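my_file_37.pdb (PDB, C-alpha atoms and all ligand atoms) appears below.
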```pdb
ATOM      1  CA  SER A   1     -24.695  35.517 -88.846  1.00  0.00           C
ATOM      2  CA  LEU A   2     -27.110  33.621 -86.657  1.00  0.00           C
ATOM      3  CA  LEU A   3     -26.423  30.238 -88.318  1.00  0.00           C
ATOM      4  CA  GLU A   4     -22.656  30.762 -87.877  1.00  0.00           C
ATOM      5  CA  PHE A   5     -23.096  31.686 -84.225  1.00  0.00           C
ATOM      6  CA  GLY A   6     -25.194  28.548 -83.854  1.00  0.00           C
ATOM      7  CA  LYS A   7     -22.357  26.424 -85.213  1.00  0.00           C
ATOM      8  CA  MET A   8     -19.718  28.059 -83.124  1.00  0.00           C
ATOM      9  CA  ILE A   9     -21.888  27.344 -80.016  1.00  0.00           C
ATOM     10  CA  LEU A  10     -22.303  23.680 -81.019  1.00  0.00           C
ATOM     11  CA  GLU A  11     -18.557  23.392 -81.633  1.00  0.00           C
ATOM     12  CA  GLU A  12     -17.690  24.889 -78.225  1.00  0.00           C
ATOM     13  CA  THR A  13     -20.286  23.164 -76.134  1.00  0.00           C
ATOM     14  CA  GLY A  14     -21.615  20.022 -77.838  1.00  0.00           C
ATOM     15  CA  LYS A  16     -25.308  21.713 -77.436  1.00  0.00           C
ATOM     16  CA  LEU A  17     -27.399  22.754 -80.385  1.00  0.00           C
ATOM     17  CA  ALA A  18     -27.960  26.484 -80.153  1.00  0.00           C
ATOM     18  CA  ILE A  19     -31.658  25.917 -80.848  1.00  0.00           C
ATOM     19  CA  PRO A  20     -33.058  24.771 -78.285  1.00  0.00           C
ATOM     20  CA  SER A  21     -30.343  24.873 -75.608  1.00  0.00           C
ATOM     21  CA  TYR A  22     -29.589  28.603 -75.829  1.00  0.00           C
ATOM     22  CA  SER A  23     -32.216  30.225 -78.066  1.00  0.00           C
ATOM     23  CA  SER A  24     -34.705  30.686 -75.285  1.00  0.00           C
ATOM     24  CA  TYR A  25     -32.604  30.474 -72.093  1.00  0.00           C
ATOM     25  CA  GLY A  26     -33.290  32.750 -69.161  1.00  0.00           C
ATOM     26  CA  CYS A  27     -33.923  36.492 -69.507  1.00  0.00           C
ATOM     27  CA  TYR A  28     -31.300  37.442 -72.086  1.00  0.00           C
ATOM     28  CA  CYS A  29     -30.579  34.583 -74.504  1.00  0.00           C
ATOM     29  CA  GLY A  30     -32.196  34.942 -77.977  1.00  0.00           C
ATOM     30  CA  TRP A  31     -35.176  37.214 -78.432  1.00  0.00           C
ATOM     31  CA  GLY A  32     -35.773  38.851 -74.993  1.00  0.00           C
ATOM     32  CA  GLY A  33     -33.410  40.725 -72.823  1.00  0.00           C
ATOM     33  CA  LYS A  34     -34.717  42.434 -69.751  1.00  0.00           C
ATOM     34  CA  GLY A  35     -34.405  41.947 -66.034  1.00  0.00           C
ATOM     35  CA  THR A  36     -31.798  40.230 -63.874  1.00  0.00           C
ATOM     36  CA  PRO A  37     -29.899  37.351 -65.551  1.00  0.00           C
ATOM     37  CA  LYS A  38     -30.647  34.020 -63.943  1.00  0.00           C
ATOM     38  CA  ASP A  39     -27.293  32.418 -63.930  1.00  0.00           C
ATOM     39  CA  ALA A  40     -23.826  32.578 -65.452  1.00  0.00           C
ATOM     40  CA  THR A  41     -24.981  31.277 -68.825  1.00  0.00           C
ATOM     41  CA  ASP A  42     -27.703  33.933 -68.967  1.00  0.00           C
ATOM     42  CA  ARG A  43     -25.042  36.495 -68.071  1.00  0.00           C
ATOM     43  CA  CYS A  44     -23.166  35.358 -71.183  1.00  0.00           C
ATOM     44  CA  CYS A  45     -26.286  36.230 -73.139  1.00  0.00           C
ATOM     45  CA  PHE A  46     -26.617  39.541 -71.358  1.00  0.00           C
ATOM     46  CA  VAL A  47     -23.027  40.501 -72.244  1.00  0.00           C
ATOM     47  CA  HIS A  48     -23.575  39.191 -75.802  1.00  0.00           C
ATOM     48  CA  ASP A  49     -26.699  41.320 -76.094  1.00  0.00           C
ATOM     49  CA  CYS A  50     -24.675  44.280 -74.877  1.00  0.00           C
ATOM     50  CA  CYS A  51     -21.935  43.392 -77.363  1.00  0.00           C
ATOM     51  CA  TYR A  52     -24.389  43.552 -80.252  1.00  0.00           C
ATOM     52  CA  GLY A  53     -25.880  46.739 -78.801  1.00  0.00           C
ATOM     53  CA  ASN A  54     -22.390  48.301 -79.046  1.00  0.00           C
ATOM     54  CA  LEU A  55     -22.918  47.916 -82.850  1.00  0.00           C
ATOM     55  CA  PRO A  56     -26.180  49.583 -83.777  1.00  0.00           C
ATOM     56  CA  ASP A  59     -25.136  49.904 -87.568  1.00  0.00           C
ATOM     57  CA  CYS A  61     -24.172  46.217 -87.686  1.00  0.00           C
ATOM     58  CA  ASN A  67     -26.530  43.300 -88.534  1.00  0.00           C
ATOM     59  CA  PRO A  68     -25.346  40.274 -86.661  1.00  0.00           C
ATOM     60  CA  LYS A  69     -28.167  37.943 -87.705  1.00  0.00           C
ATOM     61  CA  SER A  70     -27.416  38.318 -91.390  1.00  0.00           C
ATOM     62  CA  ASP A  71     -23.820  39.395 -91.619  1.00  0.00           C
ATOM     63  CA  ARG A  72     -21.472  36.408 -92.223  1.00  0.00           C
ATOM     64  CA  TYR A  73     -17.946  36.534 -90.851  1.00  0.00           C
ATOM     65  CA  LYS A  74     -15.048  34.123 -91.199  1.00  0.00           C
ATOM     66  CA  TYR A  75     -13.204  32.450 -88.368  1.00  0.00           C
ATOM     67  CA  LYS A  76     -10.696  29.712 -87.989  1.00  0.00           C
ATOM     68  CA  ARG A  77      -9.330  27.510 -85.331  1.00  0.00           C
ATOM     69  CA  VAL A  78      -5.804  27.824 -83.971  1.00  0.00           C
ATOM     70  CA  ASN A  79      -5.341  25.169 -81.268  1.00  0.00           C
ATOM     71  CA  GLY A  80      -9.007  24.681 -81.040  1.00  0.00           C
ATOM     72  CA  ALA A  81      -9.004  28.398 -80.209  1.00  0.00           C
ATOM     73  CA  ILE A  82     -11.439  30.567 -82.191  1.00  0.00           C
ATOM     74  CA  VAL A  83      -9.582  33.190 -84.249  1.00  0.00           C
ATOM     75  CA  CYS A  84     -11.733  35.771 -85.967  1.00  0.00           C
ATOM     76  CA  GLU A  85     -10.429  36.513 -89.443  1.00  0.00           C
ATOM     77  CA  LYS A  86     -10.300  39.839 -91.275  1.00  0.00           C
ATOM     78  CA  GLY A  88     -13.634  41.037 -92.856  1.00  0.00           C
ATOM     79  CA  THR A  89     -15.561  44.277 -92.654  1.00  0.00           C
ATOM     80  CA  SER A  90     -15.354  46.172 -89.403  1.00  0.00           C
ATOM     81  CA  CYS A  91     -18.867  44.953 -88.567  1.00  0.00           C
ATOM     82  CA  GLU A  92     -17.948  41.351 -89.295  1.00  0.00           C
ATOM     83  CA  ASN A  93     -14.808  41.590 -87.169  1.00  0.00           C
ATOM     84  CA  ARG A  94     -16.757  43.013 -84.224  1.00  0.00           C
ATOM     85  CA  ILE A  95     -19.671  40.653 -84.553  1.00  0.00           C
ATOM     86  CA  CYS A  96     -17.216  37.754 -84.687  1.00  0.00           C
ATOM     87  CA  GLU A  97     -15.607  38.910 -81.444  1.00  0.00           C
ATOM     88  CA  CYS A  98     -18.999  39.188 -79.795  1.00  0.00           C
ATOM     89  CA  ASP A  99     -19.985  35.688 -80.872  1.00  0.00           C
ATOM     90  CA  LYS A 100     -16.640  34.176 -79.971  1.00  0.00           C
ATOM     91  CA  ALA A 101     -16.884  35.586 -76.444  1.00  0.00           C
ATOM     92  CA  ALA A 102     -20.397  34.246 -75.966  1.00  0.00           C
ATOM     93  CA  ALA A 103     -19.477  30.743 -77.202  1.00  0.00           C
ATOM     94  CA  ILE A 104     -16.475  30.661 -74.864  1.00  0.00           C
ATOM     95  CA  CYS A 105     -18.608  31.954 -72.017  1.00  0.00           C
ATOM     96  CA  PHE A 106     -21.176  29.205 -72.646  1.00  0.00           C
ATOM     97  CA  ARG A 107     -18.271  26.705 -72.555  1.00  0.00           C
ATOM     98  CA  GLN A 108     -16.907  28.132 -69.318  1.00  0.00           C
ATOM     99  CA  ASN A 109     -20.349  27.815 -67.720  1.00  0.00           C
ATOM    100  CA  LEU A 110     -21.563  24.357 -68.856  1.00  0.00           C
ATOM    101  CA  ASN A 111     -20.968  23.324 -65.257  1.00  0.00           C
ATOM    102  CA  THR A 112     -23.947  25.401 -64.133  1.00  0.00           C
ATOM    103  CA  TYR A 113     -26.123  25.176 -67.275  1.00  0.00           C
ATOM    104  CA  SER A 114     -29.680  24.418 -66.102  1.00  0.00           C
ATOM    105  CA  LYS A 115     -32.468  23.040 -68.336  1.00  0.00           C
ATOM    106  CA  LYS A 116     -34.988  24.744 -66.016  1.00  0.00           C
ATOM    107  CA  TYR A 117     -34.115  28.043 -67.642  1.00  0.00           C
ATOM    108  CA  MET A 118     -35.061  26.864 -71.127  1.00  0.00           C
ATOM    109  CA  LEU A 119     -38.254  28.611 -72.362  1.00  0.00           C
ATOM    110  CA  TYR A 120     -38.051  30.888 -69.334  1.00  0.00           C
ATOM    111  CA  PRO A 121     -41.160  33.096 -68.821  1.00  0.00           C
ATOM    112  CA  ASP A 122     -40.803  36.713 -69.915  1.00  0.00           C
ATOM    113  CA  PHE A 124     -42.673  38.098 -66.814  1.00  0.00           C
ATOM    114  CA  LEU A 125     -40.038  36.684 -64.446  1.00  0.00           C
ATOM    115  CA  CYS A 126     -37.506  38.972 -66.056  1.00  0.00           C
ATOM    116  CA  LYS A 127     -37.543  42.043 -63.940  1.00  0.00           C
ATOM    117  CA  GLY A 128     -34.662  43.464 -62.170  1.00  0.00           C
ATOM    118  CA  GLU A 129     -32.571  45.779 -64.155  1.00  0.00           C
ATOM    119  CA  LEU A 130     -29.095  45.834 -65.560  1.00  0.00           C
ATOM    120  CA  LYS A 131     -27.069  48.464 -67.374  1.00  0.00           C
ATOM    121  CA  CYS A 133     -24.514  47.108 -69.985  1.00  0.00           C
TER     122      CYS A 133
HETATM  123  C1  LIG B   1     -28.529  33.032 -81.906  1.00  0.00           C
HETATM  124  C2  LIG B   1     -28.595  31.650 -81.343  1.00  0.00           C
HETATM  125  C3  LIG B   1     -27.803  30.841 -82.383  1.00  0.00           C
HETATM  126  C4  LIG B   1     -28.579  30.058 -83.482  1.00  0.00           C
HETATM  127  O1  LIG B   1     -28.066  29.812 -84.640  1.00  0.00           O
HETATM  128  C5  LIG B   1     -30.139  30.322 -83.561  1.00  0.00           C
HETATM  129  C6  LIG B   1     -30.645  31.360 -82.613  1.00  0.00           C
HETATM  130  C7  LIG B   1     -32.151  31.536 -82.513  1.00  0.00           C
HETATM  131  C8  LIG B   1     -32.851  31.664 -83.816  1.00  0.00           C
HETATM  132  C9  LIG B   1     -32.194  30.950 -84.974  1.00  0.00           C
HETATM  133  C10 LIG B   1     -32.991  30.673 -86.026  1.00  0.00           C
HETATM  134  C11 LIG B   1     -32.535  29.704 -87.044  1.00  0.00           C
HETATM  135  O2  LIG B   1     -33.256  29.205 -87.849  1.00  0.00           O
HETATM  136  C12 LIG B   1     -31.081  29.417 -87.137  1.00  0.00           C
HETATM  137  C13 LIG B   1     -30.460  29.389 -85.757  1.00  0.00           C
HETATM  138  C14 LIG B   1     -30.713  30.598 -84.969  1.00  0.00           C
HETATM  139  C15 LIG B   1     -30.717  31.698 -85.891  1.00  0.00           C
HETATM  140  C16 LIG B   1     -30.004  31.109 -81.292  1.00  0.00           C
HETATM  141  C17 LIG B   1     -30.667  31.596 -80.081  1.00  0.00           C
HETATM  142  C18 LIG B   1     -29.575  31.099 -79.236  1.00  0.00           C
HETATM  143  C19 LIG B   1     -28.305  31.616 -79.830  1.00  0.00           C
HETATM  144  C20 LIG B   1     -28.254  32.814 -78.905  1.00  0.00           C
HETATM  145  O3  LIG B   1     -27.946  32.659 -77.771  1.00  0.00           O
HETATM  146  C21 LIG B   1     -28.582  34.227 -79.197  1.00  0.00           C
HETATM  147  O4  LIG B   1     -28.852  34.823 -77.941  1.00  0.00           O
END
```
Please go through the file and, once you have read it, give me the structure as structure tokens.
Ligand SMILES: C[C@]12C[C@H](O)[C@H]3[C@@H](CCC4=CC(=O)CC[C@@]43C)[C@@H]1CC[C@@H]2C(=O)CO
Amino acid sequence: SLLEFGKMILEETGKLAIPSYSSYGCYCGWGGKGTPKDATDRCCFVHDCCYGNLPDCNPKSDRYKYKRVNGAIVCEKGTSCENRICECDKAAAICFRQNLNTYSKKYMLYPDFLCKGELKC
């Protein structure tokens, strides 16, 4: 679920998901169109694609369980949807973490009309 993803992001990165990632670039949060701005946005693009791979799943509302093994995120057994959503969210949180070094506040609240360019999942 969205609140769980938010917590996973905070855990990984130290940033609150709202506002650091909820409106970032062309793909994070509501939004996704055009060319991603940066690596972090590309995380969102791939995450968007990841959710798109699951049209009869509801990742905002569906709660999954995960644990930590070494500080590593380990998705735990639920429904097939929950398992898959968990893996999507886990990847995105790790990707944010991997790309904190190029996170740019200038992409927060990024204007929709600057998102043109195209990209197939
Ligand atoms: C889902 C995200 C996690 C997080 O918890 C946010 C969400 C945006 C909307 C939202 C509404 C809430 O009241 C709870 C948090 C949450 C539902 C965030 C946008 C950034 C992050 C994403 O990157 C999605 O692209």
* Output of the PyMOL selection byres (((chain A and resi 79-85) around 10) and not hetatm), listed as number ranges by chain -> A: 8, 11-12, 73-78, 86, 88-89, 92-97, 99-101, 103-104
Report as CSV the residues of chain A within 9 Å of ligand LIG 1 (chain B), each with its shortest atom pair and distance in Å (one decimal), using all atoms listed in the file, ordered by chain and increasing residue number.
```
residue,atom,partner,partner_atom,distance
A:1,CA,B:LIG1,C15,7.7
A:2,CA,B:LIG1,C15,4.2
A:3,CA,B:LIG1,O1,4.1
A:4,CA,B:LIG1,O1,6.4
A:5,CA,B:LIG1,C3,5.1
A:6,CA,B:LIG1,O1,3.2
A:7,CA,B:LIG1,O1,6.7
A:8,CA,B:LIG1,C3,8.6
A:9,CA,B:LIG1,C3,7.3
A:17,CA,B:LIG1,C4,8.0
A:18,CA,B:LIG1,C3,4.9
A:19,CA,B:LIG1,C5,5.4
A:20,CA,B:LIG1,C18,7.3
A:21,CA,B:LIG1,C18,7.2
A:22,CA,B:LIG1,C18,4.2
A:23,CA,B:LIG1,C17,2.9
A:24,CA,B:LIG1,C17,6.3
A:25,CA,B:LIG1,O3,7.7
A:28,CA,B:LIG1,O4,6.9
A:29,CA,B:LIG1,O4,3.9
A:30,CA,B:LIG1,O4,3.3
A:31,CA,B:LIG1,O4,6.8
A:32,CA,B:LIG1,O4,8.5
A:42,CA,B:LIG1,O3,8.9
A:44,CA,B:LIG1,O3,8.6
A:45,CA,B:LIG1,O4,5.6
A:46,CA,B:LIG1,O4,8.4
A:48,CA,B:LIG1,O4,7.2
A:49,CA,B:LIG1,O4,7.1
A:69,CA,B:LIG1,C15,7.0
A:99,CA,B:LIG1,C21,8.9
A:102,CA,B:LIG1,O3,7.9
A:103,CA,B:LIG1,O3,8.7
```
* Asked: Which is closest to residue 106 of chain A among A:36, A:90, A:41, A:70, if we use all atoms listed in the file?
  -> A:41
* Asked: So how many Å separate atom CA of residue 113 of chain A and atom CA of residue 56 of chain A, to one decimal?
  -> 29.5 Å
* Structure fact -> Counting all atoms listed in the file, the residue among A:51, A:16, A:38, A:10 that lies closest to residue 120 of chain A is A:38
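For the pair atom CA of residue 26 of chain A and atom CA of residue 133 of chain A, the separation is 16.8 Å.
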* If you measure from atom CA of residue 121 of chain A to atom CA of residue 68 of chain A, what distance in Å do you get, rounded to one decimal? -> 24.9 Å
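Using all atoms listed in the file, the nearest neighbour of residue 112 of chain A within the list A:40, A:61, A:125, A:98 is A:40.
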* **A:35, A:59, A:14, A:91 ranked by distance to residue 124 of chain A, top pick (using all atoms listed in the file)** => A:35
Adding 4 Å on each side of the box along x, y and z that holds all listed atoms of segment 107-121 of chain A, could you give its centre and edge lengths in Å to one decimal, as AutoDock Vina command-line options?
```
--center_x -29.0 --center_y 28.1 --center_z -68.3 --size_x 32.3 --size_y 18.1 --size_z 16.4
```
